[PDB]
Amino acid sequence: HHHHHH
Amino acid sequence: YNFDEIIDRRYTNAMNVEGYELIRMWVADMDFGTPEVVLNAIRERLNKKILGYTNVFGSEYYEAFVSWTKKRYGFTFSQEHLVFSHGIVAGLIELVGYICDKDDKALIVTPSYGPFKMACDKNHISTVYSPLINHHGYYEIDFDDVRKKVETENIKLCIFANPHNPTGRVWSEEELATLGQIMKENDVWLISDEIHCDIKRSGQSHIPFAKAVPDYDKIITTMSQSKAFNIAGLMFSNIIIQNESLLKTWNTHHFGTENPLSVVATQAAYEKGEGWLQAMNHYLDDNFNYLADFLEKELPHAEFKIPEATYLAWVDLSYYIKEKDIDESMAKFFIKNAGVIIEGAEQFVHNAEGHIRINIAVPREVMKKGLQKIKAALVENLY
Amino acid sequence: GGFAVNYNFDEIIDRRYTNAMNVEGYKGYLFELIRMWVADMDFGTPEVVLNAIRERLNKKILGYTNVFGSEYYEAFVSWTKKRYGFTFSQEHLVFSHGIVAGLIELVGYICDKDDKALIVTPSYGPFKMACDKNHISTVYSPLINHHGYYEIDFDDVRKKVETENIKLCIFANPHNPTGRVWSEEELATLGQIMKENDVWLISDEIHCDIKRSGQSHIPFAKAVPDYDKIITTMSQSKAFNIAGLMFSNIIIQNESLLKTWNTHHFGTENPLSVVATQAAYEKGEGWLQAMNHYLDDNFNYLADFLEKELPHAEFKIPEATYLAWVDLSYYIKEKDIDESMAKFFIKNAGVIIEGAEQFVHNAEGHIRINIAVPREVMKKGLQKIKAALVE
Ligand SMILES: *Cc1c(COP(=O)(O)O)cnc(C)c1O
Ligand SMILES: *Cc1c(COP(=O)(O)O)cnc(C)c1O
């Protein structure tokens, strides 16, 4: 889960 | 330097490879090598054999960093104001908590880098969106919208990307001065995230927000070499806090120790990195020139403008989505139908419908293969 | 395993021009010098660890990294199983950028504004700092001391946990600065108090692989396996002299707290820190044993030197750590010193140690001496300490 994502 | 080199990224715990054969044009790190001047600075630090507790002592690091900002943008700042975080998002999460109370709001222009919002979410801070406007082809700030929201709502903080992700805008002095004036009149803090500031097209010049608006101490600047030198893994970022109270909170409440390999790598980039960086930017420019010609010829209904900064292409595929009534994520669509990983609109908060972001910090031959596959998937069963 | 190599812990390694806190930073932290203060080693980080970092650099790209797959977990859990009979599930393992950073976040998640934390004293100073940073009030339980052999005052702990609003206990196992390797019985006794009063326990086990020959480490969560409010923190930062790489293991067995952690620790690891730590777990056992043997000999020498040269000092060779805890009460009284002992030894002896001021409470008259240094360096420092104290 890349912290750039959501 | 050989930016064409294919560098194997398997078996490196890289998010870019493991986080989702496939062509990778998504997560914002490069497929280009971290330059040897940086890697060699790390290697000579290892030869001193001890990797103990470290902090930035003395003024050598400061001298290297401010020499870079002075030479490149004519921007200087005081050593007292320079503090460090473990990456820019870690910095933002901390700054937002210090600046904002629970009923304060933050303003972001949209579309936006997702973690601007996430940093507000984690501190239980509500975000207000001000959508950028697209009317000349390049994106622009809607100052009327910004003024309205700042005046009428309880906006404590604006988190701003200079240059912008994902649109690539390199804001002019006038754009910045105008926005700064709005923020100053309404006592709004501004965090200017300038991580893309050295990745830009030959004909563009970066102005730091704190250069454009030099007499407002609530402008906080964040800069790193993580994007420009492909050292995001080393998690070391600069934060320039000109406000004495916040600086004191940071110095008091901020628990901070540094990674010696991260510090030496970043320092080396500032001291010796300029030649490699200029060469990387020239190669990037050529990737963008190819991409612009390719979209014009092969995907004419796509809307695209070469971004002034970043290695990220923002492409409007609204036409193709509507003509095909594509009802899944465009990231899923391209993974299934093209074998290419991109970032879809879902990563950019708001004002992003129908867009993808393509990372073209990759060997040109990789980019071309990816673009061909994207095109084939979109024009399948279209006239 | 690395047992066949011949290591040289006598090697003098220059630490100037490395931004080392140990060399540059004593004034800010405490307030030609011989450095025996902050807990990093003067021994080199072992070549098996440094070579793992070099091999990662040869991969050319230092981008966004996380711990993917099972290989890291397998190496770590293989270590804890082999050495302490301690197993945990991969899902319970999360990561922090150093244990104190982890502690700061854990304290905030577990404690509400009105809740108190308990620490046994003397203590590692950042346990208290982590409560202060969260505006969490601390209650001290003074350890019982018999000539350098410290024990928990279980009646005091029970009384405090019962009559104060104690939500959390932060605990060093093995203990800094006293060096105690807690027995199963001691940990089980403390565990029963915590379970009976719904108190969380964070067990900081960063010293657990630095100990005298014949000592066995028992993880708190091994001693008390039934209770999911025991959190374990472990690292290779002390044992392998890689504190600057800021990578730590946190084992959270409580679902609610794990889910909370996982909402604020949105990954992002340092590839160099991860490969270095993994290399220690996979390949570092032989070097670590050699290191501990050399340390044991440093302690044997220090014990002899204090008995002969400073016979009014109280010192027991600790069961763990590379830290000597020395009671200098007699000499402090005689010489009538009323400045911090760290100031006194810098000014008078050119030696940097940690004084009572760094250990929160119940530390009067003590200093902590870091002896993870070449024997010859330790001998020099001790000579200067002695000269400053005697008549
Ligand atoms: C890529 C990017 C970052 C990177 O943040 P880290 O936390 O350092 O990974 C930060 N800000 C912006 C605007 C970006 O585009
Ligand atoms: C030295 C020490 C630490 C160091 O933790 P980091 O934050 O990883 O540097 C933690 N706990 C104890 C008990 C220590 O003695």
# chains A, B, ... in the order shown; residues from 1 in each chain; ligands from 1
$ interface_residues --of "chain C" --to "chain B" --cutoff "8 Å" --atoms "only C-alpha atoms" --output "VMD selection string"
chain C and resid 13 to 15 18 to 22 24 to 25 40 to 46 50 54 56 to 57 59 to 68 101 133 241 to 246 264 268 to 272
$ write_last_selection --atoms "C-alpha atoms" --output "PDB file, in the first residue's frame"
ATOM      1  CA  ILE C  13      38.237   3.586  14.291  1.00  0.00           C
ATOM      2  CA  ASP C  14      38.201   7.381  13.671  1.00  0.00           C
ATOM      3  CA  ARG C  15      34.709   8.883  14.310  1.00  0.00           C
ATOM      4  CA  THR C  18      30.947  11.554  10.513  1.00  0.00           C
ATOM      5  CA  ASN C  19      28.278  13.765  12.148  1.00  0.00           C
ATOM      6  CA  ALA C  20      28.379  11.228  15.040  1.00  0.00           C
ATOM      7  CA  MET C  21      26.251  12.350  18.017  1.00  0.00           C
ATOM      8  CA  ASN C  22      28.908  10.522  20.169  1.00  0.00           C
ATOM      9  CA  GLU C  24      29.780  16.239  18.186  1.00  0.00           C
ATOM     10  CA  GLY C  25      26.641  16.385  20.318  1.00  0.00           C
ATOM     11  CA  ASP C  40      26.580   3.276  20.393  1.00  0.00           C
ATOM     12  CA  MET C  41      29.771   1.164  19.992  1.00  0.00           C
ATOM     13  CA  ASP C  42      33.302   2.170  18.938  1.00  0.00           C
ATOM     14  CA  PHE C  43      33.533  -1.340  17.410  1.00  0.00           C
ATOM     15  CA  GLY C  44      32.962  -1.395  13.665  1.00  0.00           C
ATOM     16  CA  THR C  45      29.618  -2.462  12.321  1.00  0.00           C
ATOM     17  CA  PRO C  46      30.509  -5.988  11.055  1.00  0.00           C
ATOM     18  CA  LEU C  50      28.306  -3.479   5.613  1.00  0.00           C
ATOM     19  CA  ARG C  54      27.306  -2.405  -0.591  1.00  0.00           C
ATOM     20  CA  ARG C  56      22.226  -3.256  -2.374  1.00  0.00           C
ATOM     21  CA  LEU C  57      23.999  -0.117  -3.625  1.00  0.00           C
ATOM     22  CA  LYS C  59      21.476  -2.400  -7.636  1.00  0.00           C
ATOM     23  CA  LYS C  60      21.755   1.371  -8.461  1.00  0.00           C
ATOM     24  CA  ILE C  61      18.273   2.537  -7.466  1.00  0.00           C
ATOM     25  CA  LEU C  62      17.275   3.704  -3.932  1.00  0.00           C
ATOM     26  CA  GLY C  63      13.545   4.209  -4.453  1.00  0.00           C
ATOM     27  CA  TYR C  64      10.387   3.570  -2.479  1.00  0.00           C
ATOM     28  CA  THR C  65      10.833   0.429  -0.417  1.00  0.00           C
ATOM     29  CA  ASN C  66       8.750  -1.751   1.875  1.00  0.00           C
ATOM     30  CA  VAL C  67       9.120  -5.171   3.454  1.00  0.00           C
ATOM     31  CA  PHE C  68       7.547  -7.434   0.842  1.00  0.00           C
ATOM     32  CA  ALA C 101      10.041   6.846  17.738  1.00  0.00           C
ATOM     33  CA  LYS C 133       5.667  14.281  24.334  1.00  0.00           C
ATOM     34  CA  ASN C 241      26.011  -0.728  15.896  1.00  0.00           C
ATOM     35  CA  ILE C 242      23.445   0.425  13.266  1.00  0.00           C
ATOM     36  CA  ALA C 243      21.382   2.912  15.354  1.00  0.00           C
ATOM     37  CA  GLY C 244      21.813   5.475  12.526  1.00  0.00           C
ATOM     38  CA  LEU C 245      19.850   3.144  10.173  1.00  0.00           C
ATOM     39  CA  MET C 246      16.711   3.665  12.339  1.00  0.00           C
ATOM     40  CA  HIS C 264      -0.515   5.835  10.713  1.00  0.00           C
ATOM     41  CA  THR C 268       7.997   3.615   3.414  1.00  0.00           C
ATOM     42  CA  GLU C 269      11.183   1.826   4.587  1.00  0.00           C
ATOM     43  CA  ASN C 270      14.878   2.550   3.917  1.00  0.00           C
ATOM     44  CA  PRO C 271      16.248  -0.193   1.582  1.00  0.00           C
ATOM     45  CA  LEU C 272      19.730   0.160   3.136  1.00  0.00           C
TER      46      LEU C 272
END
$ residues_around --residues "region 107-111 of chain C" --least-positions-apart "2" --cutoff "10 Å" --atoms "only C-alpha atoms" --output "list in words"
residues 102, 103, 104, 105, 113, 114, 115, 116, 117, 127, 130, 131, 132, 133, 134, 135, 136, 166, 167, 168, 169, 170, 199, 200, 202, 229, 257, 260 and 261 of chain C
$ write_last_selection --atoms "C-alpha atoms" --output "short mmCIF file (atom, residue, chain, number, x, y, z; two decimals), in the first residue's frame"
data_model
loop_
_atom_site.label_atom_id
_atom_site.label_comp_id
_atom_site.auth_asym_id
_atom_site.auth_seq_id
_atom_site.Cartn_x
_atom_site.Cartn_y
_atom_site.Cartn_z
CA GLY C 102 7.89 3.70 18.03
CA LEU C 103 7.39 4.28 21.75
CA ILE C 104 6.22 7.88 21.13
CA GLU C 105 3.49 6.64 18.75
CA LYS C 113 -5.09 12.38 28.20
CA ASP C 114 -6.03 11.44 31.82
CA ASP C 115 -4.12 8.06 31.80
CA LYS C 116 -0.75 7.56 33.53
CA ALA C 117 2.34 5.47 32.58
CA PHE C 127 10.81 6.32 28.30
CA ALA C 130 7.87 9.62 25.25
CA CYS C 131 5.22 10.15 27.95
CA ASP C 132 5.99 13.94 28.14
CA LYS C 133 5.67 14.28 24.33
CA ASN C 134 2.12 12.84 24.70
CA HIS C 135 1.27 14.94 27.80
CA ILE C 136 1.04 11.59 29.70
CA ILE C 166 -2.02 3.52 35.29
CA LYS C 167 -2.85 2.48 31.74
CA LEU C 168 0.67 1.59 30.54
CA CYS C 169 4.01 0.34 31.79
CA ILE C 170 7.14 0.92 29.68
CA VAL C 199 -2.46 -2.40 32.09
CA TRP C 200 -0.63 -2.50 28.80
CA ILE C 202 5.68 -2.27 26.27
CA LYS C 229 -1.40 -6.24 25.71
CA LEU C 257 -3.85 -1.56 18.39
CA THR C 260 -4.49 1.66 14.66
CA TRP C 261 -0.72 1.37 14.01
#
$ closest_atom_pairs --of "chain B" --to "chain A" --cutoff "6 Å" --atoms "only C-alpha atoms" --output "CSV"
residue,atom,partner,partner_atom,distance
B:114,CA,A:4,CA,5.6
B:115,CA,A:4,CA,5.7
B:347,CA,A:5,CA,5.4
$ residues_near_ligand --ligand "ligand 2" --cutoff "9 Å" --atoms "only C-alpha atoms and all ligand atoms" --output "PDB file with N, CA, C and O atoms, in the first residue's frame"
ATOM      1  N   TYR B  53      24.523   6.804  15.995  1.00  0.00           N
ATOM      2  CA  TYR B  53      23.670   7.957  16.080  1.00  0.00           C
ATOM      3  C   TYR B  53      24.303   9.128  15.330  1.00  0.00           C
ATOM      4  O   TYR B  53      25.498   9.396  15.467  1.00  0.00           O
ATOM      5  N   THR B 257      16.481  12.330  14.929  1.00  0.00           N
ATOM      6  CA  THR B 257      17.843  11.822  14.733  1.00  0.00           C
ATOM      7  C   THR B 257      17.939  11.415  13.254  1.00  0.00           C
ATOM      8  O   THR B 257      16.911  11.146  12.647  1.00  0.00           O
TER       9      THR B 257
ATOM     10  N   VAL C  38      27.043   8.000  25.283  1.00  0.00           N
ATOM     11  CA  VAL C  38      25.831   7.582  24.565  1.00  0.00           C
ATOM     12  C   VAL C  38      26.035   6.157  24.029  1.00  0.00           C
ATOM     13  O   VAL C  38      27.152   5.766  23.655  1.00  0.00           O
ATOM     14  N   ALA C  39      24.934   5.387  24.002  1.00  0.00           N
ATOM     15  CA  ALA C  39      24.991   3.954  23.731  1.00  0.00           C
ATOM     16  C   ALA C  39      25.040   3.689  22.223  1.00  0.00           C
ATOM     17  O   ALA C  39      24.059   3.226  21.625  1.00  0.00           O
ATOM     18  N   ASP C  40      26.177   4.001  21.592  1.00  0.00           N
ATOM     19  CA  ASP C  40      26.580   3.276  20.393  1.00  0.00           C
ATOM     20  C   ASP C  40      27.994   2.742  20.647  1.00  0.00           C
ATOM     21  O   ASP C  40      28.638   3.137  21.618  1.00  0.00           O
ATOM     22  N   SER C  96       9.129   0.422  12.888  1.00  0.00           N
ATOM     23  CA  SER C  96       9.273   1.781  13.336  1.00  0.00           C
ATOM     24  C   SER C  96      10.664   2.277  12.940  1.00  0.00           C
ATOM     25  O   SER C  96      11.567   1.464  12.755  1.00  0.00           O
ATOM     26  N   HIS C  97      10.825   3.594  12.885  1.00  0.00           N
ATOM     27  CA  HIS C  97      12.123   4.190  12.580  1.00  0.00           C
ATOM     28  C   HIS C  97      12.884   4.443  13.883  1.00  0.00           C
ATOM     29  O   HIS C  97      13.162   5.601  14.244  1.00  0.00           O
ATOM     30  N   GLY C  98      13.284   3.342  14.525  1.00  0.00           N
ATOM     31  CA  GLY C  98      13.892   3.371  15.847  1.00  0.00           C
ATOM     32  C   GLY C  98      12.854   3.090  16.920  1.00  0.00           C
ATOM     33  O   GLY C  98      11.668   3.340  16.740  1.00  0.00           O
ATOM     34  N   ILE C  99      13.312   2.553  18.045  1.00  0.00           N
ATOM     35  CA  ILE C  99      12.389   2.140  19.089  1.00  0.00           C
ATOM     36  C   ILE C  99      11.781   3.370  19.782  1.00  0.00           C
ATOM     37  O   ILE C  99      10.584   3.377  20.062  1.00  0.00           O
ATOM     38  N   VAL C 100      12.556   4.424  20.045  1.00  0.00           N
ATOM     39  CA  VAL C 100      11.977   5.556  20.790  1.00  0.00           C
ATOM     40  C   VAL C 100      10.870   6.222  19.935  1.00  0.00           C
ATOM     41  O   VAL C 100       9.813   6.603  20.459  1.00  0.00           O
ATOM     42  N   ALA C 101      11.094   6.323  18.615  1.00  0.00           N
ATOM     43  CA  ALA C 101      10.041   6.846  17.738  1.00  0.00           C
ATOM     44  C   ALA C 101       8.783   5.969  17.851  1.00  0.00           C
ATOM     45  O   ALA C 101       7.664   6.492  17.895  1.00  0.00           O
ATOM     46  N   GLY C 102       8.971   4.646  17.814  1.00  0.00           N
ATOM     47  CA  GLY C 102       7.890   3.699  18.031  1.00  0.00           C
ATOM     48  C   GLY C 102       7.178   3.912  19.350  1.00  0.00           C
ATOM     49  O   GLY C 102       5.954   3.896  19.422  1.00  0.00           O
ATOM     50  N   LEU C 103       7.946   4.050  20.426  1.00  0.00           N
ATOM     51  CA  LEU C 103       7.389   4.277  21.752  1.00  0.00           C
ATOM     52  C   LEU C 103       6.517   5.542  21.758  1.00  0.00           C
ATOM     53  O   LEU C 103       5.467   5.563  22.342  1.00  0.00           O
ATOM     54  N   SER C 123      15.925   4.670  35.040  1.00  0.00           N
ATOM     55  CA  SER C 123      15.359   4.343  33.756  1.00  0.00           C
ATOM     56  C   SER C 123      16.131   5.025  32.632  1.00  0.00           C
ATOM     57  O   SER C 123      16.657   6.120  32.791  1.00  0.00           O
ATOM     58  N   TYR C 124      16.060   4.393  31.463  1.00  0.00           N
ATOM     59  CA  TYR C 124      16.394   5.031  30.202  1.00  0.00           C
ATOM     60  C   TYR C 124      15.515   6.280  30.075  1.00  0.00           C
ATOM     61  O   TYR C 124      14.282   6.234  30.290  1.00  0.00           O
ATOM     62  N   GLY C 125      16.162   7.411  29.791  1.00  0.00           N
ATOM     63  CA  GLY C 125      15.494   8.714  29.880  1.00  0.00           C
ATOM     64  C   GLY C 125      14.363   8.881  28.869  1.00  0.00           C
ATOM     65  O   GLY C 125      13.334   9.463  29.180  1.00  0.00           O
ATOM     66  N   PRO C 126      14.542   8.470  27.597  1.00  0.00           N
ATOM     67  CA  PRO C 126      13.461   8.526  26.619  1.00  0.00           C
ATOM     68  C   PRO C 126      12.152   7.777  26.917  1.00  0.00           C
ATOM     69  O   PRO C 126      11.175   8.091  26.263  1.00  0.00           O
ATOM     70  N   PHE C 127      12.110   6.835  27.873  1.00  0.00           N
ATOM     71  CA  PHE C 127      10.814   6.325  28.301  1.00  0.00           C
ATOM     72  C   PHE C 127       9.969   7.501  28.828  1.00  0.00           C
ATOM     73  O   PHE C 127       8.790   7.638  28.510  1.00  0.00           O
ATOM     74  N   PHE C 171       8.882  -0.751  29.895  1.00  0.00           N
ATOM     75  CA  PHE C 171       9.760  -1.655  30.638  1.00  0.00           C
ATOM     76  C   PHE C 171      10.939  -2.042  29.744  1.00  0.00           C
ATOM     77  O   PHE C 171      10.734  -2.376  28.584  1.00  0.00           O
ATOM     78  N   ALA C 172      12.161  -1.985  30.302  1.00  0.00           N
ATOM     79  CA  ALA C 172      13.350  -2.440  29.570  1.00  0.00           C
ATOM     80  C   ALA C 172      13.738  -3.842  30.041  1.00  0.00           C
ATOM     81  O   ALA C 172      13.989  -4.076  31.224  1.00  0.00           O
ATOM     82  N   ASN C 173      13.810  -4.759  29.075  1.00  0.00           N
ATOM     83  CA  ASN C 173      14.114  -6.164  29.326  1.00  0.00           C
ATOM     84  C   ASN C 173      15.102  -6.646  28.271  1.00  0.00           C
ATOM     85  O   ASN C 173      14.688  -6.983  27.182  1.00  0.00           O
ATOM     86  N   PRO C 174      16.401  -6.716  28.554  1.00  0.00           N
ATOM     87  CA  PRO C 174      17.076  -6.407  29.798  1.00  0.00           C
ATOM     88  C   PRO C 174      17.092  -4.901  30.107  1.00  0.00           C
ATOM     89  O   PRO C 174      16.867  -4.055  29.238  1.00  0.00           O
ATOM     90  N   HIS C 175      17.430  -4.574  31.354  1.00  0.00           N
ATOM     91  CA  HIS C 175      17.242  -3.226  31.859  1.00  0.00           C
ATOM     92  C   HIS C 175      18.467  -2.335  31.589  1.00  0.00           C
ATOM     93  O   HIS C 175      19.611  -2.759  31.747  1.00  0.00           O
ATOM     94  N   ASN C 176      18.191  -1.092  31.194  1.00  0.00           N
ATOM     95  CA  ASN C 176      19.138   0.013  31.114  1.00  0.00           C
ATOM     96  C   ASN C 176      18.726   1.064  32.142  1.00  0.00           C
ATOM     97  O   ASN C 176      17.590   1.531  32.102  1.00  0.00           O
ATOM     98  N   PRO C 177      19.613   1.439  33.090  1.00  0.00           N
ATOM     99  CA  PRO C 177      21.055   1.223  33.132  1.00  0.00           C
ATOM    100  C   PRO C 177      21.595   0.103  34.037  1.00  0.00           C
ATOM    101  O   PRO C 177      22.807  -0.092  34.097  1.00  0.00           O
ATOM    102  N   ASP C 204      10.694  -3.210  25.890  1.00  0.00           N
ATOM    103  CA  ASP C 204      11.802  -2.765  25.074  1.00  0.00           C
ATOM    104  C   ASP C 204      12.974  -3.736  25.267  1.00  0.00           C
ATOM    105  O   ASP C 204      13.613  -3.698  26.315  1.00  0.00           O
ATOM    106  N   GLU C 205      13.265  -4.541  24.249  1.00  0.00           N
ATOM    107  CA  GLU C 205      14.226  -5.628  24.363  1.00  0.00           C
ATOM    108  C   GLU C 205      15.435  -5.393  23.447  1.00  0.00           C
ATOM    109  O   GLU C 205      16.098  -6.335  22.987  1.00  0.00           O
ATOM    110  N   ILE C 206      15.781  -4.120  23.245  1.00  0.00           N
ATOM    111  CA  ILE C 206      16.866  -3.759  22.313  1.00  0.00           C
ATOM    112  C   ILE C 206      18.257  -4.253  22.769  1.00  0.00           C
ATOM    113  O   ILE C 206      19.149  -4.441  21.924  1.00  0.00           O
ATOM    114  N   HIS C 207      18.458  -4.474  24.076  1.00  0.00           N
ATOM    115  CA  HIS C 207      19.729  -5.025  24.608  1.00  0.00           C
ATOM    116  C   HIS C 207      19.741  -6.563  24.689  1.00  0.00           C
ATOM    117  O   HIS C 207      20.701  -7.132  25.250  1.00  0.00           O
ATOM    118  N   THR C 233       9.412  -4.736  21.478  1.00  0.00           N
ATOM    119  CA  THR C 233      10.254  -3.953  20.575  1.00  0.00           C
ATOM    120  C   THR C 233      11.660  -4.576  20.579  1.00  0.00           C
ATOM    121  O   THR C 233      12.234  -4.831  21.654  1.00  0.00           O
ATOM    122  N   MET C 234      12.176  -4.869  19.378  1.00  0.00           N
ATOM    123  CA  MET C 234      13.490  -5.447  19.189  1.00  0.00           C
ATOM    124  C   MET C 234      14.119  -4.818  17.952  1.00  0.00           C
ATOM    125  O   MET C 234      13.415  -4.437  17.050  1.00  0.00           O
ATOM    126  N   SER C 235      15.459  -4.773  17.933  1.00  0.00           N
ATOM    127  CA  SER C 235      16.207  -4.165  16.854  1.00  0.00           C
ATOM    128  C   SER C 235      17.576  -4.842  16.754  1.00  0.00           C
ATOM    129  O   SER C 235      17.937  -5.635  17.614  1.00  0.00           O
ATOM    130  N   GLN C 236      18.314  -4.545  15.680  1.00  0.00           N
ATOM    131  CA  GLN C 236      19.723  -4.845  15.653  1.00  0.00           C
ATOM    132  C   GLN C 236      20.569  -3.568  15.877  1.00  0.00           C
ATOM    133  O   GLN C 236      21.797  -3.619  15.775  1.00  0.00           O
ATOM    134  N   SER C 237      19.866  -2.465  16.104  1.00  0.00           N
ATOM    135  CA  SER C 237      20.585  -1.140  16.332  1.00  0.00           C
ATOM    136  C   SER C 237      21.737  -1.067  17.438  1.00  0.00           C
ATOM    137  O   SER C 237      22.790  -0.714  17.081  1.00  0.00           O
ATOM    138  N   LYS C 238      21.519  -1.725  18.566  1.00  0.00           N
ATOM    139  CA  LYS C 238      22.523  -1.780  19.644  1.00  0.00           C
ATOM    140  C   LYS C 238      23.547  -2.885  19.370  1.00  0.00           C
ATOM    141  O   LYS C 238      24.746  -2.443  19.449  1.00  0.00           O
ATOM    142  N   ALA C 243      22.438   2.018  14.839  1.00  0.00           N
ATOM    143  CA  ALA C 243      21.382   2.912  15.354  1.00  0.00           C
ATOM    144  C   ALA C 243      21.034   4.002  14.327  1.00  0.00           C
ATOM    145  O   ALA C 243      19.868   4.406  14.233  1.00  0.00           O
ATOM    146  N   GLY C 244      22.033   4.455  13.550  1.00  0.00           N
ATOM    147  CA  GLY C 244      21.813   5.475  12.526  1.00  0.00           C
ATOM    148  C   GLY C 244      20.887   4.993  11.408  1.00  0.00           C
ATOM    149  O   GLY C 244      20.289   5.801  10.695  1.00  0.00           O
ATOM    150  N   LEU C 245      20.718   3.677  11.253  1.00  0.00           N
ATOM    151  CA  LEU C 245      19.850   3.144  10.173  1.00  0.00           C
ATOM    152  C   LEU C 245      18.358   3.154  10.561  1.00  0.00           C
ATOM    153  O   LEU C 245      17.499   2.937   9.690  1.00  0.00           O
ATOM    154  N   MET C 246      18.061   3.362  11.853  1.00  0.00           N
ATOM    155  CA  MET C 246      16.711   3.665  12.339  1.00  0.00           C
ATOM    156  C   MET C 246      15.675   2.702  11.764  1.00  0.00           C
ATOM    157  O   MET C 246      14.750   3.112  11.048  1.00  0.00           O
ATOM    158  N   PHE C 247      15.828   1.422  12.082  1.00  0.00           N
ATOM    159  CA  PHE C 247      14.878   0.429  11.664  1.00  0.00           C
ATOM    160  C   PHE C 247      14.669  -0.569  12.805  1.00  0.00           C
ATOM    161  O   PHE C 247      15.621  -1.148  13.276  1.00  0.00           O
ATOM    162  N   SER C 248      13.423  -0.726  13.255  1.00  0.00           N
ATOM    163  CA  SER C 248      13.096  -1.490  14.474  1.00  0.00           C
ATOM    164  C   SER C 248      11.871  -2.349  14.212  1.00  0.00           C
ATOM    165  O   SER C 248      11.000  -1.909  13.507  1.00  0.00           O
ATOM    166  N   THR C 321      23.896  -5.706  28.556  1.00  0.00           N
ATOM    167  CA  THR C 321      24.270  -4.400  28.038  1.00  0.00           C
ATOM    168  C   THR C 321      25.790  -4.276  28.040  1.00  0.00           C
ATOM    169  O   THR C 321      26.511  -5.089  28.641  1.00  0.00           O
TER     170      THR C 321
END
$ select_by_dssp --residues "region 106-278 of chain C" --states "helix (DSSP H, G or I)" --output "count of residues only"
61
$ closest_residue --among "C:343, C:147, C:265, C:375" --to "chain A" --atoms "only C-alpha atoms"
C:265
